[PDB]
Amino acid sequence: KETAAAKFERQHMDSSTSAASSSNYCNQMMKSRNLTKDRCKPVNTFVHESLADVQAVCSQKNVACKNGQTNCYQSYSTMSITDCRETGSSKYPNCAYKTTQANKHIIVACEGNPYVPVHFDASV
Ligand SMILES: [Pt+2]
Ligand SMILES: [Pt+2]
């Protein structure tokens, strides 16, 4: 089975580029990462940074997670993310997404050894 670490990389890591190429980015990436397969995943953030820079967040500012757990970390620096958000008119199997590009702090949940992102909590 896929590790929580490996699932975080499939869902949230796009080291290819450094930002959204067009506004078809989400429609292609949500597809290529198997996020439109069972259902249309409604909201998903891709981080356009190196694995090393996103994993280092786990040594940065310790914060509460949305669920009340305290294994969350806020990045000290802003990071290049694409927010992917299903349109109101999107219907499975033809999933449609709005692509928003931004530079923001990420909050991730970390666990295991090595201590690495397992959950994308939010961008701030
Ligand atoms: Pt800031
Ligand atoms: Pt988890």
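Residues numbered from 1 in each chain as written, not as in the entry; some residues may be left out. Chains lettered and ligands numbered in written order. Heavy atoms only, no water. Residues with missing side-chain atoms left out of burial classes, pairs and counts.

The deposited coordinates derive from X-ray crystallography, with the record listing a resolution of 2.130 Å.

The name recorded for the protein chain in the PDB entry is Ribonuclease pancreatic, from Bos taurus. The PDB lists this entry under the title "X-ray structure of the adduct formed upon reaction of Pt(II) complex 2c with ribonuclease A". Under the UniProt heading Subunit, the entry covering the protein chain gives this text: "Interacts with and forms tight 1:1 complexes with RNH1. Dimerization of two such complexes may occur. Interaction with RNH1 inhibits this protein (By similarity). Monomer." The Subcellular location comment attached to the protein chain in UniProt states, word for word, "Secreted". (UniProt positions renumbered as here; feature names shortened; annotations may be inferred.)

1. Quick look at the overall build of the protein chain
When helices and strands are tallied, the protein chain shows three helices and seven strands. Element order for the protein chain, N to C, with α for helix and β for strand: α-α-β-α-β-β-β-β-β-β. Scaling as 2.2 N^0.38, a compact globule of 124 residues should have a C-alpha radius of gyration of about 14 Å, and the protein chain matches this with 14 Å. Seen through its C-alpha atoms, the protein chain measures out along the principal axes to roughly 40 × 30 × 25 Å. Across the protein chain, every contact between residues at least 6 apart in sequence was considered, and the portion connecting residues at least 24 apart equals 62%. (Helix = DSSP H or I, 4+ residues; strand = E, 2+ residues; numbered from the N terminus. Rg over C-alpha atoms; globule rule 2.2 N^0.38 Å. Contact = heavy atoms within 4.5 Å.)

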